[PDB]
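Descriptive structure summary
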Amino acid sequence: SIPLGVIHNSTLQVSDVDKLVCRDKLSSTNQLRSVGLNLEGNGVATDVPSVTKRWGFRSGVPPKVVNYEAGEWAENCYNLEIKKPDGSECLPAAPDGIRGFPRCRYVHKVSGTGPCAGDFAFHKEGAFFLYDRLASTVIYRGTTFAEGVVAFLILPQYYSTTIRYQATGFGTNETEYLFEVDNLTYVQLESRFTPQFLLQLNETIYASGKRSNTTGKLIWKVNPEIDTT
Amino acid sequence: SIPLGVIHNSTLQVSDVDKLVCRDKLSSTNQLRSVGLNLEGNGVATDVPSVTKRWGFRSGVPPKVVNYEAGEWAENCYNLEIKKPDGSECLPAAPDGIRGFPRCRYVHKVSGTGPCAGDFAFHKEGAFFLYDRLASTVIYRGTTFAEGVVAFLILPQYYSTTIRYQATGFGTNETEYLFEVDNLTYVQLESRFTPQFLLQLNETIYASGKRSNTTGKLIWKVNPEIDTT
Amino acid sequence: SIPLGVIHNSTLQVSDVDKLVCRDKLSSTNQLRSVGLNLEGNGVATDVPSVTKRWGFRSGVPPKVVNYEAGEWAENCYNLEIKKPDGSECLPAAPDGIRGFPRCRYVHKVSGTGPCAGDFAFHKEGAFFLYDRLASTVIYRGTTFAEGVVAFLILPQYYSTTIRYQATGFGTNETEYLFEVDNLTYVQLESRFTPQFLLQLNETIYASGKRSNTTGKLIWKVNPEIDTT
Amino acid sequence: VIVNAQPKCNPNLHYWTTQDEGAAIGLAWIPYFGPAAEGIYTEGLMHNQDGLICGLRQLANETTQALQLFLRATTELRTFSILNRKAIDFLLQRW
Amino acid sequence: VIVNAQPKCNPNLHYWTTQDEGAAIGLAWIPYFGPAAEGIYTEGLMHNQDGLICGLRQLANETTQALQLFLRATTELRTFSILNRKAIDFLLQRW
Amino acid sequence: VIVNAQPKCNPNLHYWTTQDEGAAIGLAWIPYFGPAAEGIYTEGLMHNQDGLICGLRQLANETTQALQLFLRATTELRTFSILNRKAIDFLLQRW
Amino acid sequence: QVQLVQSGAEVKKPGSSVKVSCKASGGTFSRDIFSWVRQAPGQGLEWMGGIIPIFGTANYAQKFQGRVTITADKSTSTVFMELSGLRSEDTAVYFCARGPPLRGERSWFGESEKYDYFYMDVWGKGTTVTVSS
Amino acid sequence: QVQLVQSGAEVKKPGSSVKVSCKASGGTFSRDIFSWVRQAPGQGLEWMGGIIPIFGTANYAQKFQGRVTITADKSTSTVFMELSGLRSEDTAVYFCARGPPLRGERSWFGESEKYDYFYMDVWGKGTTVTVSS
Amino acid sequence: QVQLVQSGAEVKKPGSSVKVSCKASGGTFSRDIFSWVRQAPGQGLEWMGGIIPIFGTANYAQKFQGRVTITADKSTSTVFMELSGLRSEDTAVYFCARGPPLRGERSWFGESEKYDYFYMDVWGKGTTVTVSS
Amino acid sequence: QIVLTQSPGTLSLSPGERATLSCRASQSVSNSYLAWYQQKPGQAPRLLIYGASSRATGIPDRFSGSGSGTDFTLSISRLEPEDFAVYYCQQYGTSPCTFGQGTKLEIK
Amino acid sequence: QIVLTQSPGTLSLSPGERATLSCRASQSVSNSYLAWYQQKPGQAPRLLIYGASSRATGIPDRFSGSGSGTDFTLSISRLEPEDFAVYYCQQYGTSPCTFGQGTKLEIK
Amino acid sequence: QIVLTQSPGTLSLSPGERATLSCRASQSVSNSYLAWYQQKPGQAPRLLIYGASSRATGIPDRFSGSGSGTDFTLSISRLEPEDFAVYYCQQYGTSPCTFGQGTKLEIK
Ligand SMILES: *[C@@H]1O[C@H](CO)[C@@H](O[C@@H]2O[C@H](CO)[C@@H](O[C@@H]3O[C@H](CO[C@H]4O[C@H](CO)[C@@H](O)[C@H](O)[C@@H]4O)[C@@H](O)[C@H](O[C@H]4O[C@H](CO)[C@@H](O)[C@H](O)[C@@H]4O)[C@@H]3O)[C@H](O)[C@H]2NC(C)=O)[C@H](O)[C@H]1NC(C)=O
Ligand SMILES: *[C@@H]1O[C@H](CO)[C@@H](O[C@@H]2O[C@H](CO)[C@@H](O[C@@H]3O[C@H](CO[C@H]4O[C@H](CO)[C@@H](O)[C@H](O)[C@@H]4O)[C@@H](O)[C@H](O[C@H]4O[C@H](CO)[C@@H](O)[C@H](O)[C@@H]4O)[C@@H]3O)[C@H](O)[C@H]2NC(C)=O)[C@H](O)[C@H]1NC(C)=O
Ligand SMILES: *[C@@H]1O[C@H](CO)[C@@H](O[C@@H]2O[C@H](CO)[C@@H](O[C@@H]3O[C@H](CO[C@H]4O[C@H](CO)[C@@H](O)[C@H](O)[C@@H]4O)[C@@H](O)[C@H](O[C@H]4O[C@H](CO)[C@@H](O)[C@H](O)[C@@H]4O)[C@@H]3O)[C@H](O)[C@H]2NC(C)=O)[C@H](O)[C@H]1NC(C)=O
Ligand SMILES: *[C@@H]1O[C@H](CO)[C@@H](O[C@@H]2O[C@H](CO)[C@@H](O)[C@H](O)[C@H]2NC(C)=O)[C@H](O)[C@H]1NC(C)=O
Ligand SMILES: *[C@@H]1O[C@H](CO)[C@@H](O[C@@H]2O[C@H](CO)[C@@H](O)[C@H](O)[C@H]2NC(C)=O)[C@H](O)[C@H]1NC(C)=O
Ligand SMILES: *[C@@H]1O[C@H](CO)[C@@H](O[C@@H]2O[C@H](CO)[C@@H](O)[C@H](O)[C@H]2NC(C)=O)[C@H](O)[C@H]1NC(C)=O
Ligand SMILES: *[C@@H]1O[C@H](CO)[C@@H](O)[C@H](O)[C@H]1NC(C)=O
Ligand SMILES: *[C@@H]1O[C@H](CO)[C@@H](O)[C@H](O)[C@H]1NC(C)=O
Ligand SMILES: *[C@@H]1O[C@H](CO)[C@@H](O)[C@H](O)[C@H]1NC(C)=O
Ligand SMILES: *[C@@H]1O[C@H](CO)[C@@H](O)[C@H](O)[C@H]1NC(C)=O
Ligand SMILES: *[C@@H]1O[C@H](CO)[C@@H](O)[C@H](O)[C@H]1NC(C)=O
Ligand SMILES: *[C@@H]1O[C@H](CO)[C@@H](O)[C@H](O)[C@H]1NC(C)=O
């Protein structure tokens, strides 16, 4: 039931499964490729406060994995470390063979706690989490991934940075996030912020020196009138 | 060397491996199926005192597994938890990916102890143990299975209950089994008993109230003259 | 990009990948075989002081494995148990499914310590380590292996002994090896020694009785003028 | 062709499989909203039309020997390749 | 054939793959001397020539449903067989 | 075709394999009664008839480079698919 | 007006640990700072340690490091404390308390708020814990 | 006539454990009930615990819970007891003993038999165990 | 001329362990035999244990079995000793020392050399270790 | 817990004289499930009586006894030199099995 | 560590009389971050003053106080029967929060 | 275990006077494998003699000694001020290496 795309040249058609189509050619298996695409390429929102609303927990359903040979570069990748309130892990350790997605402009690393009702975290729209050369139905702990889909087509004849967040209520609808600048220094995270904005704020804070230099923590709140980027 | 069956219509023949047979057709791989069948369908005895005589232990031989896509419903499934006299486990934990057989009218769960000379328990007639969608040469601990075989054919163009047993001498020829009614209440298990009989006895005992209501255990022995079902 | 050999009869040619060659025949997949060959068949030196110079450690590169169906008998197999100076293991435990190479005239078992800079030990010339029916890019701890290569061809239409060594500086260029005769009795290992020589020395020493029969250890050094075998 | 010599034969095949349509709702196929694994099976009965079921039981009984030797000879822990190998031999014999 | 109905489409495909030449040095292919895994990728850009990229994104979006049901129905934890199965169906339909 | 340029060549191939008949007794194929794994191998000698063995050693020596790059480029820990992929390319080139 | 509701009195054996809950009600966790204190009869009231749920972190007075664990769970609006290594010397009334963040520095970005354990405005009723056998 | 055969005398150091075997012979395990008792010189004979091999379960007198383990292995007709936490106060002659099930209630199904530790008909000779250093 | 270089003085708390290094210099490890000794003030000098790096094995005086670990690493030419279970009674100057193998028996094969702990020719300066709190 | 107490501590009687041994419980013994045993130095006690009145296998007819409730008695019609043993009462009617301290018969 | 000492141990004053309570630190309290609390037997202390001079919510105007550096004072213009409590000073200017031993107001 | 005892506890001799030091074993030392060392306060002992009679490297000819069985002696023909050290005997003929308590040479 899996469709294949056929590229005649620049022209792409979905293969007709029932028709013979003597026109179509396949000379070797090297013309058959599994390519992964990111959901960000379809314009889905990528900020942390919105991306987590597409993920959730379920029990009683095992994970599945498929491979892909090529894929695109992601502007926004995610990496989760979520614990239950009592310290138990929410996400399973990745099995060997799983490695993080190879090319990300930014990695949004979110650590924190929250209720985790299920056995695994699954994508709610049915998308796959993309790992090194593997697409998975579930999220594995500590490993960088991108959200995406796999196409299956027949062919014609690095510096990156990390943005850290800390959160509570990870698995629920009403949650809170802070952007980490230093161990004691935080910024309230808004849904209107872009990766570029947060990085500019990180430079502003270290440069001005307005960081916590005591034993407690500081949280900066953004003035709603200053725009972002 | 594995034969295939070919179904022309209702007519089934074993494929001739050497002959070309231009008559035979295969349009896609969806016509190729692995189907598991139970040994109970050939009339093999299924009561606990007899089924265990077909199983035994061997060392120095690794396990192997194959898959199947479809299979039948079992009237009688088994689930073992056998320990050595010193508390060591006899059976290995199942690896991930193994799940119990999906449809059983009755599950005969046998816990207990016995000598376990080998590394794994193997089927003596060469049958496979059937797990969710996997046929295995060995028995895995704690997981429900049916006894059976795999065919390989080319196609033409739930409520269940548990019956518990406790045993000693599991891996030998001279063994003993008891049917568990309650934690302190047992019935001597005879080879003439059917699942239906044991369930009727379980209803009779709770309804009459003739259960152990002290600190010790009671064993009921059946009067040989009362038939079964 | 993997070449295939084609055996027409006794005549062997490398298949022309691009040419159709209607001449070539394949009747079933049973004519396609993966065969492993040992490097000793190309005359590579096999003594312990030389074989270890072809192996080394690297980090950041995962292992890979392929299978083979047939292979040759090895005169010289190796088995390593190397620890770091603080007792940490250098080599990973083999995963299940890995078993030692099935036929060896001699097994050179080397235990000892040394620096182990990487994650895995890899072959420096790109050869594979041959395990039971599996060729691996890395060495697994405690499991007997042979050095070798895999061919991929299309076909035409046991008593063994152990020689033990103990060593220091395993992973470096300047290393030392001793041949173990008894727990307290050693012989300096020279590069000119053959397996046959060492076995003759083992018979000579037990027969003459010139072994350590005290609490300390003895090391015998060979007189350079006595030849080997 | 098939000797069909077992002491007994159960002529009624009550079967289960995962080869269902799956799609229906639009959320049905999403693991997050879909059924738990015990619920992904579909079933039905097949009758012994013209001896098909008894022939089938005997086939599986004869198949077992070849299958056990096949597995003995390999190193894979789980072999999912048998059906694809058969598709390949089918076409090679014909082409 | 392809509806191409997503709200937005990024027409620039910036891609990575492992299908490089590999060989160059003579030591390049030896794991001991070769690159660390993060370095074995090759890349480049592809433009949306005649709608190819937007058609591609929509294909993957439609493919997802069939793929999830396929996986639901199996027992393999990692399925690497999809492309080979497709090669087999291609030839069977034609022969 | 084959350069056959190794410094030395051992012309005698002493080999082992699991591709035996297996069946003999009727219990021989049952894992419970069959041999321990070290005993399931069969063997024999092959002579270097018309240069076949030395040609074979050189083939494996040239094969190694392609094989290592192939493995570098994948994610499977154990690849059992090479021979089946070759059967598929064989038929595709011909059909 | 925010209130704190504590569990009732408990008796533990020497060598065990006591878990005391405190429910935040009349408000939500928000960004408030929670702490626990101890007052043995005849003694003043000492800080044992505390938690700030929005970071999900906690710390302790040095005398209780290794003995006191403080956790919280947003979904039940509850703060919990566990005191281990109990001895009869530990008999005391244990209290939970809550206080505000303080306003900090201001810049063009926006305003800062400071989080540490300061003064307590809201107090629970106290849980009496006795250690004996 | 059934007999019980015990191992000979043993000496253990304080803090260790002693394993005492008892072989069932002159009969088989059958459905019989086995137990162990202890008699320090000058003391009466106390039940330590016991086992019923057909269920493969055992229990202990409260004073020995956590100290005594009782196991059996049908294939050698042997019952074993292990007593841990040995001190010189444990010096005693240890005995194994065996007795019958009692007949219970009767119904139309068939007859009941009751299994618990009752009177002992068959006694072993006794194993002397001394704890010292 | 071979020399042994030891680390400087150290102070440890009771219950901890002290690691003392000894670098072999002015020569290499070769096949030499290394040992450690202890001399509390007013006491004679006792053997604690020792190591022979070419076998990569070590042993200890009975009074230190379970307390002393001796290791070596060829790449840094260094021998290390660790003494656990420290108490104030352990205060002493610890020394490393080195000596030769002795010549043994001769046969037609070649000559034997014997490895055990004999006399010490090369001594380190000594490391003073105090145990207190 | 049913606690059993036996008396007299020691019965001093001549050989051939009748022996009467008492056991008294703090609580009634269910089903009169009390047993008596005869112990010699260096030997395991031999069961003499069980179920208050049932004579044990291989026991001479000179041994008797009866009881119910809390009151149980063992007797020997003529005490032979061979019978000057330590006697114990045990109850099994209620779990755990409990026992008396034992009493001695001695030669007068 | 800022150590706080309060005095007098007990102030004996008639109802309606002014109460003056002293707290003296060994070290200056940053930002004059010192608080005062009123404690009754069986009850948690109620915050009266924080930040040396800021009156806490719901506290009557009869309660006052001031301070800086190391020297802080709490006062009640008329001490009512209801106010004869144990008073404590606490400092939060420097972590950890530290506190005084407390003093009592008693009826004369 | 070979136990070594040295004597005299202290030898009081003038500088330039001959020193004689005794070591006596409870058991014979195999191969006469006994060594002597010279120790100064603050320093590791220096090997003087090994194998009963073999002079150690860099040791002056004024140092001598001999022995066999259980009886070993070290001597200095003229004891120089620099030689008024604590001397020890050690045996290595039988494992473990064992040693004497040591003796002192002192200035008279
Ligand atoms: C392939 O391409 C198709 C293209 O449509 C994608 O499928 C649908 O995509 C649309 C968005 O374009 C999804 O629409 C959204 O559905 C939400 C439904 O709520 C779910 O979650 C809540 C919990 O939060 C549950 O209670 C509820 O039952 C549902 O499970 C709406 O809430 C969304 O509304 C918001 O966005 C819209 C604009 O998009 C605004 O107008 C609204 O005001 C509001 O802000 C929205 O309507 C739709 O659900 C997707 N379909 C399915 C079946 O999930 C495919 O996802 C894509 N394939 C892959 C793999 O990505
Ligand atoms: C495919 O279909 C065939 C059809 O025959 C099955 O193969 C044979 O099935 C028959 C039963 O129909 C088996 O026959 C039995 O063999 C036993 C041999 O004893 C074994 O076990 C003992 C230990 O208990 C060992 O000491 C001994 O060496 C053997 O290993 C007999 O004891 C049985 O006798 C009992 O049953 C018969 C009736 O069946 C009565 O007449 C007897 O009195 C007695 O009660 C019986 O003869 C036969 O062994 C099977 N063959 C093989 C090679 O095992 C296949 O098993 C089936 N395939 C699958 C996968 O199920
Ligand atoms: C398939 O068949 C080919 C046939 O040639 C094999 O490939 C080459 O084999 C030759 C030997 O025949 C190898 O030659 C040797 O190279 C060494 C290079 O040094 C490496 O290691 C040092 C560390 O020790 C590093 O510093 C250095 O950078 C290199 O990585 C030389 O040192 C060797 O010299 C010694 O042997 C020669 C004789 O062979 C003597 O004349 C010298 O005096 C000296 O004793 C030697 O030259 C060559 O390296 C192999 N090629 C490659 C790319 O590795 C294939 O290996 C074989 N395939 C398989 C799988 O086995
Ligand atoms: C926020 O700014 C700081 C200050 O430049 C960044 O920290 C530096 O990171 C580089 C690269 O790892 C180090 O070489 C510097 O030493 C770090 N400086 C300091 C003061 O630690 C930090 O990475 C920035 N954070 C984000 C998310 O961009
Ligand atoms: C034997 O009978 C008892 C009594 O009905 C069964 O136990 C009941 O099981 C149902 C379903 O789990 C529970 O809702 C009831 O509460 C249980 N009743 C009691 C008294 O526990 C038991 O399952 C039967 N056993 C067998 C093998 O059929
Ligand atoms: C060195 O010689 C000894 C002496 O024969 C070999 O040890 C014997 O091995 C056989 C087979 O395992 C045993 O049956 C004998 O009992 C062993 N003899 C002794 C004295 O232990 C030893 O295997 C030889 N070593 C090598 C490497 O060949
Ligand atoms: C979260 O869901 C609950 C119902 O379970 C609802 O009452 C609450 O308002 C929701 N909160 C948010 C932020 O959507
Ligand atoms: C943050 O943590 C690092 C250790 O990871 C530590 O070195 C640094 O001093 C910490 N900074 C602060 C403000 O606590
Ligand atoms: C079990 O096998 C043994 C031989 O090992 C035999 O003596 C015994 O009688 C057999 N018991 C049963 C019940 O078959
Ligand atoms: C049986 O075990 C259950 C716990 O699994 C317990 O609740 C129940 O009381 C037990 N019944 C008896 C008769 O011991
Ligand atoms: C080992 O390599 C080092 C350089 O890292 C070199 O100085 C030394 O001489 C080499 N030793 C041997 C035996 O090759
Ligand atoms: C060598 O080790 C074995 C145990 O593996 C032991 O029995 C034997 O006595 C040892 N031999 C020597 C010389 O230590």
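About the thresholds
Each chain has its residues counted from 1 in the order its sequence is written, and this count may differ from the entry's own numbering; any residue lacking coordinates is left out. Chains carry letters and ligands carry numbers; both start at the beginning, A for chains and 1 for ligands, and go up in the order they are written. Based on all heavy atoms of the structure, the side-chain values leave hydrogens and waters out of the count. Residues with missing side-chain atoms are left out of burial classes, side-chain pairs and their counts. Contact criterion: two residues are considered in contact whenever any of their non-hydrogen atoms come within 4.5 Å of each other. Take the accessible area each of two parts loses on contact, using a 1.4 Å probe, and add the two losses: that sum is the buried area. Salt bridges are identified by distance alone: a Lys or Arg side-chain nitrogen within 4 Å of an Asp or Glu carboxyl oxygen. A run of H or I in DSSP becomes a helix once it reaches four residues, and a run of E becomes a strand once it reaches two; helices and strands are each numbered from the N terminus. When DSSP finds two or more bridges between two strands, those strands count as paired. Throughout, an axis means a line fitted to C-alpha atoms (over the contacting stretch in the case of helices), and angles, computed between N-to-C directions, take values from 0 to 180 degrees. The cut-offs for exposure are 20% and 50% of the maximum accessible area for each residue type, with area from a 1.4 Å probe on protein chains only; residues under the lower value are buried, those over the upper are exposed, and the others partly exposed. Counted as a polar contact is a pair of N or O atoms within 3.5 Å, where, for protein atoms, one must be capable of donating a hydrogen and the other of accepting one, and residues adjacent in sequence contribute only when both atoms are in side chains. Roughly parallel means an angle under 35 degrees; roughly antiparallel means over 145; roughly perpendicular covers 65 to 115; every other angle is labelled oblique. Here is the rule for handedness: rotate from the far helix to the near one, and if that takes an anticlockwise turn smaller than a right angle the crossing is left-handed, while a clockwise turn gives right-handed. Note on residue categories: nonpolar means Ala, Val, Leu, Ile, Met, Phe, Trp, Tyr, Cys or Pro, charged means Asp, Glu, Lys or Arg, and polar means any other residue, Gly included.

- For this deposited structure, the header cites cryo-EM as the method used and 3.8 Å as the resolution.

- As recorded in the PDB entry, chain G goes by Antibody Fab EBOV-437 heavy chain and comes from Homo sapiens.
- For this structure, the PDB header gives the title as "Ebola virus GP (mucin deleted, Makona strain) bound to antibody Fab EBOV-437".

- In the nomenclature of the PDB entry, chain A is known as Virion spike glycoprotein 1 of Ebola virus.

Thoughts on the interface of chain A and chain E
- Taken together, the contact pairs 57 residues of chain A with 46 residues of chain E.
- A combined buried area of about 4700 Å² lies between chain A and chain E, and 64% of that area is made up of carbon and sulfur atoms.
- If you look at where chain A meets chain E, you find 1 salt bridge.
- Residue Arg-57 of chain E is joined to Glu-72 of chain A by a salt bridge in which the shortest nitrogen-to-oxygen separation is 2.9 Å.
- Every element with two or more residues in the side of chain A that touches chain E is listed here: β1 (5–7), β2 (12–14), β3 (32–33), β4 (35–38), β6 (65–67), β7 (70–72) and β13 (146–150) of chain A.
- In this sheet, strand β1 (residues 13–17) of chain E lies alongside β7 of chain A in antiparallel orientation, the contact comprising 3 bridges. Across the sheet, residue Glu-72 of chain A finds its bridge partner in β1 of chain E, namely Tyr-15 of chain E.

Thoughts on the sheet that holds strand β8 (residues 74–83) of chain C
- Taken in spatial order, the 8 strands of this open sheet run β8(C)-β9(C)-β15(C)-β16(C)-β17(C)-β18(C)-β11(I)-β10(I), and their pairing is mixed. In this open sheet, the two strands that pair with only one neighbour each are β8 of chain C together with β10 (102–106) of chain I. Within this sheet the neighbouring strands show an average axis-to-axis angle of 30°, counted without direction.
- Judged from the 4 bridges that link them, strand β15 (residues 161–168) of chain C and strand β16 (residues 176–182) of chain C form a sheet pairing that is antiparallel. Of the residues in β16 of chain C, the one forming a bridge with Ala-167 of chain C is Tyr-177 of chain C.
- In the packing of helix α2 (residues 195–208) of chain C onto the sheet, contacts are made with β8, β9 (104–113), β15, β16, β17 (185–188) and β18 (217–220) of chain C, and the angle to β16 of chain C comes to roughly 45°.

Some thoughts on the pairing of strand β9 (residues 86–91) of chain L
Residues and elements named next belong to chain L.
- Taking burial as the measure, the 6 residues of β9 include 5 buried ones, the bulk of the element.
- By the bridge criterion, 2 bridges tie β9 to strand β10 (residues 98–99) in an arrangement that is antiparallel. Along β10, the bridge assignment pairs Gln-90 with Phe-99.
- Between β9 and the antiparallel strand that follows it, β10, lie 6 residues.

Section: the side chain of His-108 of chain C
Residue and element names in this part refer to chain C.
- Turning to its location among the elements, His-108 is positioned in strand β9.
- Here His-108 falls in the buried class, since its relative accessible area comes to 3%.
- Side-chain polar atoms of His-108 contact the side chain of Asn-76, separated by 2.9 Å.
- Contacts of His-108, omitting those with residues within four sequence positions, involve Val-48, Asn-76, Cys-77, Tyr-78, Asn-79, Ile-163, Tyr-165 and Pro-195.

A few points about the sheet that holds β3 of chain A
- With respect to topology, 4 strands assemble into an open sheet ordered β2-β1-β14-β3 (chain A), the strand pairing being mixed. Edge strands, defined here as strands with exactly one partner in the open sheet, are β2 and β3 of chain A.
- The pairing of β1 of chain A with strand β14 (residues 153–154) of chain A spans 2 bridges and is classified as parallel. Directly across from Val-6 of chain A, in β14 of chain A, lies its bridge partner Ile-154 of chain A.
- Running at roughly 20° to β2 of chain A, helix α1 (residues 52–72) of chain E makes contact with β1, β2 and β14 of chain A of the sheet.

Quick word on the packing of helix α2 (residues 82–94) of chain E against helix α2 (residues 82–94) of chain F
- Relative orientation of the contacting elements α2 of chain E and α2 of chain F amounts to 30°, with a least axis distance of 11 Å. Regarding the angle of α2 of chain E to α2 of chain F, the classification is roughly parallel. Two packed elements cross with a definite hand, and for α2 of chain E against α2 of chain F that hand is left-handed. Here α2 of chain E contributes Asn-84, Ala-87, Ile-88, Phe-90 and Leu-91 of chain E to the contact with α2 of chain F, which in turn contributes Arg-85, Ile-88, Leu-91 and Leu-92 of chain F.
- In terms of residue class, the contact of α2 of chain E with α2 of chain F is made up of 7 nonpolar, 1 polar and 1 charged.

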